[PDB]
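Quick notes on the structure that follows.
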Amino acid sequence: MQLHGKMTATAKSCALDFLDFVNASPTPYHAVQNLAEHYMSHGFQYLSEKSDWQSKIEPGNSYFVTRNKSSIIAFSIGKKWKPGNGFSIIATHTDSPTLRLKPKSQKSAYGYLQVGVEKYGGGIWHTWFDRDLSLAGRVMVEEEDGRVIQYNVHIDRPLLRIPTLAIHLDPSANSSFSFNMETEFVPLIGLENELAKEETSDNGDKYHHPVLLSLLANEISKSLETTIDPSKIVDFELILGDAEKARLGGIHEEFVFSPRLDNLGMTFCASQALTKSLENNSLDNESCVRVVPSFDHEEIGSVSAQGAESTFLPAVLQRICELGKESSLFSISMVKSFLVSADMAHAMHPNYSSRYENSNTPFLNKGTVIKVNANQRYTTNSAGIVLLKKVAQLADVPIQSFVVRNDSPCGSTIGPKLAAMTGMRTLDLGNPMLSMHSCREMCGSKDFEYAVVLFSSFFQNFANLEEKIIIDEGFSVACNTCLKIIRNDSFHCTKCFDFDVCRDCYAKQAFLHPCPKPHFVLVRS
Amino acid sequence: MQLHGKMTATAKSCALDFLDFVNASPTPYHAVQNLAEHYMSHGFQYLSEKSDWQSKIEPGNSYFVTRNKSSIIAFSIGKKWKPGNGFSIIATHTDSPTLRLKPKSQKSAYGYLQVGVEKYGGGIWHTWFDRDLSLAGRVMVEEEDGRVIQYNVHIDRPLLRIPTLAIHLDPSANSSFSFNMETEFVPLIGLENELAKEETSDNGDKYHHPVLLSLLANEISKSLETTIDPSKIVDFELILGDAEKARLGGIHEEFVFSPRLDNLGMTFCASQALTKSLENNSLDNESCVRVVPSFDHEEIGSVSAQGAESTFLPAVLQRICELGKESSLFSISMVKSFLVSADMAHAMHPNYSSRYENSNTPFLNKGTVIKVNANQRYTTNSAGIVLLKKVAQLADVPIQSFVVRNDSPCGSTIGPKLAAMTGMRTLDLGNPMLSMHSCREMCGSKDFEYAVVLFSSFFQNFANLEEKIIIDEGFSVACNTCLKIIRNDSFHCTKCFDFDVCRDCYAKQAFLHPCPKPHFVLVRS
Amino acid sequence: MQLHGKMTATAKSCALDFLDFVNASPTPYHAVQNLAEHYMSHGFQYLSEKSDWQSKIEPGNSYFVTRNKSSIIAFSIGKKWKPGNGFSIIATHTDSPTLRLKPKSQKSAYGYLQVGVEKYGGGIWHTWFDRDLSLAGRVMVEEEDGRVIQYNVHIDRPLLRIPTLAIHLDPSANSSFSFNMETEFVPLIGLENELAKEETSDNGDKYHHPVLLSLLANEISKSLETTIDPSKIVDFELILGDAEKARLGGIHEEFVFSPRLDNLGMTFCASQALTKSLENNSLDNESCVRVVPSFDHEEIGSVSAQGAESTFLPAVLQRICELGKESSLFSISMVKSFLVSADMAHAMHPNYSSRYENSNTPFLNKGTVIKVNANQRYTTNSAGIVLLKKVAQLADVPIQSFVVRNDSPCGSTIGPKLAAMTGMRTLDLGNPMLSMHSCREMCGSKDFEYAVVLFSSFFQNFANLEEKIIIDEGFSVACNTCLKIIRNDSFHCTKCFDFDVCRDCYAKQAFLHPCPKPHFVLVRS
Ligand SMILES: [Zn+2]
Ligand SMILES: [Zn+2]
Ligand SMILES: [Zn+2]
Ligand SMILES: [Zn+2]
Ligand SMILES: [Zn+2]
Ligand SMILES: [Zn+2]
Ligand SMILES: [Zn+2]
Ligand SMILES: [Zn+2]
Ligand SMILES: [Zn+2]
Ligand SMILES: [Zn+2]
Ligand SMILES: [Zn+2]
Ligand SMILES: [Zn+2]
């Protein structure tokens, strides 16, 4: 694990753990799937929302619930928790701006197979041009008894591309690039001159390309004992993401170049720090409930059945509060609670410095960012700032602040509306980044470790610091296993990229990484 | 109390009581503070929302609850009230369009100290130029044991100013005045050539001017036994308002010239008439609950934790309805209830008559205004109109009506969305005014007394008139003490402005006003 | 007298004396009236211009003359003055941009009483919107024998207002505010629904509102033994000014927020320093004549009977020079004389820094400003600069310099044209300020004391320094009484604002201020 400068071997390892997470999670369906595997690895229990939780949840244990396989709420109940005590909630969203396949996605023009796509969210759509695009999502498959189950599919190869016109044919594109959002924004799946295994149709106008359905059925059948024919695929959501893996960038690997950084970065930080806040025994002394909801559909305004503005968070909080017998315990618990809407913040862009307020704009790798807006697009008030300044004092991490320019529009996060349906005191924070809603996005790499330390300190110290805020009273190489800079020979895996176990861990056989057999060459100094 | 013509000595006294209220309330924090002192003066009890109200509230008494010290809900429960009976609710908002200090508010340019401000709401921003601006808000102060408490601070002096460019330097400003919302809209706090007590920094880039923090700590310490050093100030919301006191204007004092008239006047009218509807004994015969919620954040759309679209009003109404044992009593009580969204209406502007519909536009001092809009930006239907025409018939006050022009946009009030979360029948009314969302605002002075009489009649006669609407069935000088025109010698306070007690009250020693020793000269006729 | 920092207790007292002057002088008629009361308090004698001054003026005494009760020229003749000696002249102007009532000022629209106003000067007219406006001016009153005399009237209350349209009805006003100079710029005096004492006219189309004439007659009759009926009012000039009192602003009270700062600032400084240059005995050794002309109509170009371009200054100077018998003594005296056109200068605006020349732009509270322009809109040459640099060296006050940008227009002051009709060497100076010709204007507070010290030094040392320039040869609390920082207990007047007499002056009974009985509470340290 190469450490170029001021690198501390834990911020890199936390950032490298993010890279494995976001490369395996291109859809909210995959994001929820990867979070829930991490939750059950750390001892969480799945709760069916169809069931009744009166006898299923008890203090001292950790649970998670899932809606539409695309929104997930994980909560850990402290042992000293009574019904009526507050909640420490850190809310993220799993979705990102992208392109979905249309229901009739079959398109063909001039020998080229195209797919008909439709925009999702406010993406920066010129950044999607000339990119290797992968295809991912969930697929409904019929089985022989009539039941239909959901299969998540990842096609990890360059499969689609939206190509630009050449500059010879329109030299005005360098002056200002504009494009029609149908006719010039259609990605290419392949060529139809070479699929002539059968030159018939046998029914007019299939919904999708049969070669696309064959690949979806083949990619599903790789993970099953049986095989799936393409005729049993009923309907799907398919997401186009950037096909290229997220990996560290910069002169000192201080940047993270990644698709879907809009909250895949904070979801990772919120979910990791929920599990990190259970390490020694933070439960058996916790009097609150630590909730991490990772929502869906936040780029279009959360107005859905599983979005943040849905009843998903309030019904889960009421079902936790219905362990007590008094019916007023939900509204009592909300005023003792606190929400952290973890959504990413705008870092300082050096090339566009005029589109920033010059004194309240944060920087990369300088800590997480308290997003403050007077119009309450970000719903941070002073009562939240004092709490999270005390948390940052306890965690010993820096925090920054952000406002927009007054001649600039601001978009609401889920924080204002989650505050409305709960009545819960709240703050909007997030880690700084540049090129938000782009196809490929950039943030700092120290910022992942700073967020996890801050959030785990927020989870562990919420109950003590909540009663101290008085409103409303009466009147150059390290080891991936042990995160330490080594002082001796290094064993370099020639099969991975930057693995580099140490002297002790080489004999300790702790070199588990995605290489089935690694070759460790031993290297001086 | 000078009465120029058709003045009735009670409309002026109600308007003069408003002037004391709005001059002491430049922030929603101060507005809630002044309302709650008026509530506890009239016998209301504070309710902590952290507590359980099953044993704390009983019929025949009056209570108020507060969220974030910036939204307040006061309710009086009638003695004959059962859980399941309706609510008579008059909802206002405490906030106004203004400028907030940024988190990094320190700015300096060319020897001048500036503060970095950020816009709140849709204010008319050219009216803020060349005004004496005061600074007010709430300040979080640390104490020695770590707890942080909220202190409201008022700086009642000309402290800030946004100056225009001189006309010699840009003569085009008279043709059309436009300005950049950062670079030309920065107020001035002072000059830095004369703060040179220490010419160091001792740490790079403090968030605010140290001279500003010294004034905030000094203004706080005036009202405390101890002193506050500026280092213990953690964070604040600071509101810039117009520094100039509200006072009556016009040839006959028929106008009210005031900042923050956007519902400050209705919040005064709704809160006064809630207390005025308890005078003889309106409780001991009341079967409903009279609620006055004064919300926050309504100029940006109420999407907050304490706004109108929050759960603040529905959770309070459910906690009142949870005195009964049946869980369906909340939804039963809503269809027997009625909401009055008291938000100010557009009066007729004589200079801009083309931007008004010539037959449905109200006038100043002609009564409160029923705001009707087909697109339900104002949510008045006919069922509400018949109720409040009957109320105005009982109160003997005039009412008017307002619609917008069809080629004009209309902004939603809190009334439509408070109707949505409650299911409650509702009407949007308010008193007429001109220059809404300006820095200084104008309304009529008789209109304050007309609103209080109408609302107290609405509170006292709701239960009788609610069952009469059938929808959804089966198939020249007066005295400030006694508000009477005197007919004899007048005792004029030479120390106040227009105090003027009478013959009887001079011997009755009832001359309490903000002058520690007044000199009453006796005046013929 | 609160001293926040670097405050010297005399600059504040000079600025507080200005605040009393400008609050009592909203018209040039009131300005001349307040100057002349200050002149006769300091021993000046009134001269009728109808009389002959051959036997009325003698050396060693001070005189003043008045034209149209709106231009005033005060001059002090030294004891050692011979006819033919020079003049030390400091010329200001008494007028400011404002709105005058039309001759047919009665307007009514949609129940509102309006007054028809007409613009005076190049005022920044958007700053007049949403302001409390007072009414002042001179009124011609008939008496029973047919003679008509002039009465100055001040109506010190919010009486008029020009209201803006609300932002809901025209959202484009925030992009660029423009307004028609008749139809949308009509102030409001009151409502006509409540003046129905008589519902007749008795003659078609009276010139003004009868309720306005009743107030003018009532305000006049307050200062007279008899009463005035409104029928005897013949005609008037009535000036709309900002109704709000001038008072110190800023974090350290280093600003002066005031209406009419265009030369009521310099007239105050020129008139005070004329009287301050007589204190010990500056006469009995003075060989020149110290003239302070305060003109009228300078905002429209001084082309009037009492303006600067009139014969008012040259005829007064000739009548002084006609004490000698030689007829050539006037032209001899002009080349030994010097003019100081005291008109206010543009300070540095931090928000509009591009509309300024970055090296020749002065700052607030850094001394008075030598206005230099090549096109002689300001008529300063080098011969004047050397004289007033020597004066500033003697007075020990700083001076600055101003030029306009070359891509910016410049407006002429009275200095170029007063130079033309006299042939007199001259300089244009003034104190720096921002937002010139606004409704409310901002300047520094130390700048008033710096101007008075400079001008009194210019008056006292003119004769010595005029012969040294060789052109054209052969080939925290202080006391208001004693201006000293006190070191002991302070007696705080609870009835005034910031009066605060000291230990010695409390026993000395020297506490004369506008409070008929003050209560002095004694305060530690
Ligand atoms: Zn996002
Ligand atoms: Zn987003
Ligand atoms: Zn490997
Ligand atoms: Zn190791
Ligand atoms: Zn409003
Ligand atoms: Zn509003
Ligand atoms: Zn008084
Ligand atoms: Zn009385
Ligand atoms: Zn001028
Ligand atoms: Zn001027
Ligand atoms: Zn006093
Ligand atoms: Zn004294």
Side-chain angles (χ1 to χ4, degrees), chain A residues 1 16 20 480-481 490-501 506 511-521, chain B residues 166-168, chain C residues 1 9-10 13 28 31 91-98 120-124 258-270 294-302 307-308 341-346 369 371 377-378 410-418 428-433 435-438 441 443 477-493 499-513 520 522:
Chain A
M1 184 178 59
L16 281 179
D20 296 330
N480 277 348
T481 68
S490 65
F491 295 97
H492 196 319
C493 170
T494 70
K495 287 306 168 172
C496 181
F497 177 54
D498 205 7
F499 184 58
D500 282 315
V501 297
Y506 182 76
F511 62 94
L512 59 176
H513 74 287
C515 291
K517 57 166 182 62
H519 199 181
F520 291 101
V521 65
Chain B
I167 201 66
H168 306 38
Chain C
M1 184 178 59
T10 55
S13 162
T92 74
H93 67 83
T94 50
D95 66 321
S96 296
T98 181
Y120 174 20
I124 301 177
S258 171
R260 307 168 299 272
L261 247 142
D262 195 8
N263 263 9
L264 213 155
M266 292 311 313
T267 300
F268 177 76
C269 299
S294 312
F295 288 109
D296 185 291
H297 287 138
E298 176 276 2
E299 316 281 357
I300 61 171
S302 302
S341 169
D343 205 345
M344 297 288 233
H346 296 115
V369 176
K371 310 203 286 184
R377 308 280 82 93
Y378 318 126
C410 194
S412 296
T413 67
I414 63 171
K417 181 68 173 73
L418 267 188
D428 288 6
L429 67 91
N431 281 73
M433 66 174 277
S435 62
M436 185 180 300
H437 296 175
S438 169
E441 289 185 289
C443 82
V477 177
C479 171
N480 277 348
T481 68
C482 50
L483 309 177
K484 62 92 176 179
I485 297 91
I486 63 166
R487 229 160 151 69
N488 76 358
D489 53 344
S490 65
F491 295 98
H492 196 319
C493 170
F499 184 58
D500 282 315
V501 297
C502 69
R503 180 69 297 168
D504 289 333
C505 289
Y506 182 76
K508 194 179 218 295
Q509 295 310 102
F511 62 94
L512 58 176
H513 74 287
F520 291 101
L522 60 83

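In what follows, every chain begins at residue 1, and chains take the letters A, B, ... in the order their sequences are listed. Hydrogens, waters and symmetry mates are skipped; everything else that's a heavy atom, side chains included, is used. First listed ligand is number 1; within each ligand, the first listed atom is number 1.
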Decide, counting backbone as well as side-chain atoms, whether A:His513 has an N, O or S atom less than 2.8 Å from the Zn ion (ligand 3).
yes

Hydrogens and angles aside, do C:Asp95 and C:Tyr120 bring a side-chain donor and acceptor to less than 3.5 Å of each other?
yes

For atom NZ of C:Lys508, decide whether the heavy atoms of other residues, nucleotides or ligands shown that lie under 6.0 angstrom number more than 12.
no

Quick one: angle C:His93 NE2 - the Zn ion (ligand 9) - C:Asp262 OD1, to the nearest 10°?
100°

Under 2.8 Å from the Zn ion (ligand 9), can any N, O or S atom of C:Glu299 be found?
no

Apex the Zn ion (ligand 12) - arms SG from C:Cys505 and SG from C:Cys479 - angle rounded to 10°:
120°

Angle subtended at the Zn ion (ligand 12) by SG of C:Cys502 and SG of C:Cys482, to 10 degrees?
110°

Which class fits the ring pair A:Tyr506 and A:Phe520: parallel under 30°, tilted 30 to 60°, perpendicular over 60°?
perpendicular

Taking the side chain as C-beta and beyond, is there a heavy-atom pair between C:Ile414 and C:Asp343 under 4.5 Å?
no

Could you tell me whether the side chain of C:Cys505 reaches within less than 4.5 Å of the side chain of C:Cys482, counting heavy atoms only?
yes

Rounded to 10°, how big is the angle at the Zn ion (ligand 3) from A:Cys493 SG to A:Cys515 SG?
160°

